[PDB]
Amino acid sequence: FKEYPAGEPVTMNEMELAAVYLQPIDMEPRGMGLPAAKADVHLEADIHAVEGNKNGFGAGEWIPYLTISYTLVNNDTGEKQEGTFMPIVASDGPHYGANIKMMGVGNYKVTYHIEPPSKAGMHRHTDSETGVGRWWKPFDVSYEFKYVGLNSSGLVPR
Amino acid sequence: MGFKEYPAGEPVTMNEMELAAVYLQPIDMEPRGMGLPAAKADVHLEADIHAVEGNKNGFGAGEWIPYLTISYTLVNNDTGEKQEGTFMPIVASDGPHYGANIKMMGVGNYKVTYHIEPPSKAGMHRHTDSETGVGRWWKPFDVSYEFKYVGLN
Ligand SMILES: [Cu+2]
Ligand SMILES: [Cu+2]
Ligand SMILES: [Cu+2]
C-alpha cells in the first residue's frame with residue numbers, strides 16, 4: 001500500500017504536521033466515515049510533537065484527542081468539499097484520517113482545521129509541580145498537491 | 001527530590017499493556033465543570049497505561065494507550081463503603097494519563113478496580129487491510145489494586 005505525500009510538512013505549535021494519501025482503506029467500526037469502496041483516496045494527517053512542546057508531549061509522540069476537519073479544494077475547477085477526520089490506528093501507529101471522494105484531476109489545496117485536545121475532553125493538571133499551560137488556539141495548516149487519481153493497483157499513474 | 005505520589009498496589013500487564021495505579025494530592029484541572037474540584041477531594045487517582053513490546057493494536061513499547069474509557073470501583077474494605085466513578089483523559093508535564101479527583105471514604109485498606117474499555121468505544125477506528133491493518137480489539141476487562149490509605153501524608 002503505497003503512500004504519497006500531499007505538499008510539504010509544516011511545523012506549528014511545537015508539532016510537525018504532514019499530509020499523506022493512499023488508496024482507500026477499509027476501517028472498522030463502520031458508519032462514521034465513507035466506506036472504502038465509495039472513496040477515491042485515504043487521506044491522513046500525521047501529527048507529532050517536536051522538541052520544546054509545552055503541552056506535555058515528548059518529541060516524536062503522537063498528539064491524541066485532536067479534532068480535525070478538512071476543506072478540500074480542486075483549484076482547477078474551484079470545487080470545494082468539507083469533511084472530518086477520525087482517529088485511527090494502523091500497524092505503524094495512530095494517526096487521523098478519512099476515506100475521501102475526490103473531485104477529479106487537478107491542483108488541490110487541502111486545509112486541516114485543528115482544535116486542541118481540550119475540545120474532545122482531554123483535561124490538564126494546573127498545579128505548579130505537574131501542570132501544563134493553556135492550549136494553543138484552533139489553527140489551520142494547508143497543503144498543495146497535484147492529484148491525477150489512483151489506479152487499480154493503488155498507484156499514481158506514471 | 002521525591003515526587004509526592006503514592007503507588008496503589010502493583011502494576012499488572014494484560015492485553016499487551018502495563019497498567020499501574022497511583023494517587024497524589026488533589027489537583028485542580030482545566031477545563032472546569034467536569035468532576036470534583038480539588039478543594040472537594042482527598043486524592044487525585046491515576047491510571048498509568050502504556051503498551052509493552054508485542055502489542056498488536058498498533059502501539060510501540062512504552063506508548064500511551066489513548067482513547068480508553070475507564071471507570072472505577074473503589075471500596076474501603078474496613079467499612080464496606082463503595083464508590084463508583086469515571087476517569088478522564090488528562091495531560092500533565094510528564095505526559096498523558098487518565099484520572100480523577102476523588103473524595104475518599106476514610107482511612108482503611110482499599111481495593112480499586114479499573115474497568116477498561118478499548119479505544120473503539122471512544123471513537124478510534126482501525127485499518128483492516130492486509131498491509132497496514134490491525135485486528136479486533138480486546139474485550140473490556142477489569143484490573144485491580146489493593147492499597148492502605150492513611151491520608152496525605
Ligand atoms: Cu489511515
Ligand atoms: Cu479552521
Ligand atoms: Cu492526573
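All heavy atoms count here, side chains included; hydrogens, waters and symmetry mates do not. In what follows, chains are A, B, ... by sequence order, proteins preceding strands, each numbered from 1.
- Using a 4.5 Å cut-off on side-chain heavy atoms (C-beta onward), B:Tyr98 and B:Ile90 make no contact.
- A search for side chain to side chain donor-acceptor pair (under 3.5 Å) contacts involving B:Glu131 returns nothing, not counting sequence neighbours.
- There is a path of hydrophobic side-chain contacts, each under 4.5 Å, that joins B:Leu68 to A:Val89.
- Taking both residues in full, the closest heavy atoms of A:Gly58 and A:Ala49 are given as O-CB, 3.4 Å, listed atom of the first, atom of the second, then distance.
- Partners of A:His95 under the ring pair (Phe, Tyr, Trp, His ring centres under 6.0 Å) rule, at least two apart in sequence or in another chain, are B:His127.
- The cluster map of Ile, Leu, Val, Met, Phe, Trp and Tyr, joined by side-chain heavy atoms under 4.5 Å apart, puts B:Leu152 and B:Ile27 in different clusters.
- Checking each of A:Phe145, A:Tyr143, A:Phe1, A:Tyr70 against A:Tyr21 for a ring-ring contact (aromatic ring centres under 6.0 Å, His included) leaves exactly one that passes, namely A:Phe145.
- Contact record, B:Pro26 with B:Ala41: CG-O, 3.4 Å, taken as the closest heavy-atom pair.
- A continuous path of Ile, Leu, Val, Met, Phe, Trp and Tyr side chains, each step under 4.5 Å between heavy atoms, connects B:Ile49 with B:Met14, placing both in one hydrophobic cluster.
- A pairwise comparison of heavy atoms in B:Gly151 and B:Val107 identifies N-CG1, 4.3 Å as the closest pair.
- Proximity of the aromatic rings of B:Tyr6 and B:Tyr149 is defined here by a centroid distance below 6.0 angstrom, and this criterion is not met.
- Here the closest non-hydrogen pair linking B:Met124 and B:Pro66 is CE-CG, 4.2 Å.
- We find the CD-OH distance between A:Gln81 and A:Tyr108 to be 8.5 Å, quoted to the nearest 0.5 Å.
- A heavy-atom distance below 4.5 Å is found between the side chains of B:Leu24 and B:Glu46.
- How far OG1 of B:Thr13 is from CG of B:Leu19: 7.0 Å, rounded to the nearest 0.5 Å.
- The side-chain heavy atoms of A:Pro35 and A:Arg30, taken from C-beta on, include no pair separated by under 4.5 Å.
- Taking each heavy atom of A:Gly131 and B:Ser93 in turn, the nearest pair found is O-CB, 4.0 Å.
- Listed by chain and residue number, A:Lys80 satisfy the salt bridge (charged side-chain N to carboxylate O under 4.0 Å, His left out) test with A:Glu82 (two or more places apart in sequence, or in another chain).
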Test salt bridge (charged side-chain N to carboxylate O under 4.0 Å, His left out) applied to B:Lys121 and B:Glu117, step by step: CA-CA 7 Å; B:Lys121 180 80 134 35; B:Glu117 298 168 284; 3.4 Å; yes

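- Looking at B:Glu10 and B:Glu146, their side chains never come closer than 4.5 Å, going by heavy atoms from C-beta outward.
- Here CD of B:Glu18 is found 11.5 Å from CD1 of B:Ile65. Values are rounded to the nearest 0.5 Å.
- Counting heavy atoms from C-beta outward, A:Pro94 and B:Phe59 have side chains that approach closer than 4.5 Å.
- Between A:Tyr112 and A:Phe85, the ring-plane angle classifies as perpendicular under the 30° and 60° cut-offs.
- Here the straight-line distance linking atom CE of B:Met1 with atom CZ of B:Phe3 works out to 8.0 Å at 0.5 Å rounding.
- A:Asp127 places no side-chain N or O within donor-acceptor distance of the main-chain N or O of B:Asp28, the cut-off being under 3.5 Å.
- With B:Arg126 contributing its side chain and B:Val134 its backbone, the two residues share a donor-acceptor pair below 3.5 Å.
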Candidate pair B:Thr113 and B:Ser144, rule side chain to side chain donor-acceptor pair (under 3.5 Å), full reasoning: CA-CA 4 Å; B:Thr113 303; B:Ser144 63; 4.6 Å; no

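- Shown here are the salt bridge (charged side-chain N to carboxylate O under 4.0 Å, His left out) partners of A:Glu14, two or more places apart in sequence or in another chain: A:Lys54.
- B:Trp64 and B:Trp137 fall within a single hydrophobic cluster, where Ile, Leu, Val, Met, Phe, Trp and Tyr are joined by side-chain heavy atoms under 4.5 Å apart, directly or via other members.
- Of the inter-residue distances, the one linking B:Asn57 atom CG with B:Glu63 atom CD reads 11.0 Å to the nearest 0.5 angstrom.
- Residue B:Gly106 comes nearest to B:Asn76 through the heavy atom pair O-ND2, 3.4 Å, listed as atom of the first residue, atom of the second, then distance.
- Transitive grouping of hydrophobic side chains (ILVMFWY, heavy atoms separated by less than 4.5 Å) brings A:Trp136 and A:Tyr65 into a common cluster.
- Qualifying salt bridge (charged side-chain N to carboxylate O under 4.0 Å, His left out) partners for B:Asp42, counting only residues two or more places apart in sequence or in other chains: B:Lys103.
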side-chain contact (heavy atoms from CB on, under 4.5 Å) between A:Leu72 and A:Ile100, intermediate numbers included: CA-CA 10 Å; A:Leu72 178 71; A:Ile100 292 330; 3.9 Å; yes

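- Within the 4.5 Å cutoff, the side chain of A:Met32 has no heavy atoms near those of the A:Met27 side chain.
- Between B:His50 and B:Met17, every side-chain heavy-atom pair lies at or beyond the 4.5 Å cut-off.
- Note that the OG1 atom of A:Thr130 and the NZ atom of B:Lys4 stand 10.0 Å from one another [nearest 0.5 Å].
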Could you list the donor-acceptor pairs under 3.5 angstrom formed by side chains in residues 151-158 of chain A, with sequence neighbours left out?
from     : atom 1 : to       : atom 2 : distance (Å)
A:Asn151 : OD1    : A:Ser153 : N      : 2.9
A:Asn151 : OD1    : A:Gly154 : N      : 3.3
A:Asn151 : OD1    : A:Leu155 : N      : 3.0

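- B:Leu45 is listed as a side-chain neighbour of B:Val112, based on a closest heavy-atom distance under 4.5 Å.
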